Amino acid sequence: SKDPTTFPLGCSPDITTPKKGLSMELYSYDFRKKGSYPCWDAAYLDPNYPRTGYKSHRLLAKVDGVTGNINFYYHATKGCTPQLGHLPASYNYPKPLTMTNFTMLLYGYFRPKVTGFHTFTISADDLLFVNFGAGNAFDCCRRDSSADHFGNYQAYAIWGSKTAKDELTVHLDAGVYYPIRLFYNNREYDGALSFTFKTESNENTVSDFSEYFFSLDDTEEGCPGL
């Protein structure tokens, strides 16, 4: 149920109009004390960090309606220094934040337009961990109760690996709502996130998620498929 799979389970909500976009939570991420070498904290790679550790830091912002092109590259100018900047407009959060050092959680549902094999390509500085599918990300219209219980990642990218890029090929059904969780961190300096996909049905890369990302209310019974 929770394991990654090429045939992720999806959801069938009883809702005539879903809400556009994913939800986002932003969290602080500190450097180690001055005189530390390296200056940055390796906590971001603690195995618990994407599940619980990120919540030991300050919740900075919680917003809805994240969609469009969510890709970014923040070029820092100084090492081992908090520097302010902005997320792209697509994130619905125009306040400044420490773009050199922060954590971001996105969640909601991906609804495909076509049926078939989708190949998602991701890259990140410093990390992007992706869950995708009911159970693997969270349970259908039962997100609040299953949010902390995601399974092993469907895809991940870590700066400093051999390549810092990953693919995920999954077969999806058009119009089905698939639970998705993105977890991002910048430890220091530059920060970057790339999230795009292709399908077998044409050669174009999709980078604008405007009619693909949705939010659904939880219900007592949930909204499983099949």
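All residue numbers are counted from 1 along the displayed sequence.
When the C-alpha B-factors of 93-101 and 122-130 are averaged, 93-101 comes out higher.
Look at the mean CA B-factor for 191-199 and for 56-64 in the entry; the higher one is 56-64. Out of 181, 171, 51, 34, it is 34 whose C-alpha atom has the highest B-factor in the PDB entry. Ranked by Cα temperature factor within the chain, residue 186 sits in the lowest third according to the deposited record. Ranked by Cα temperature factor within the chain, residue 81 sits in the middle third according to the deposited record.
In this PDB entry, residue 149 carries a Cα temperature factor that places it within the highest third of its chain's modelled residues.
In the deposited entry, the Cα temperature factor of residue 88 places it in the highest third of its chain's modelled residues. When the CA B factors of the chain's modelled residues are split into thirds, the value for residue 176 lands in the lowest one.
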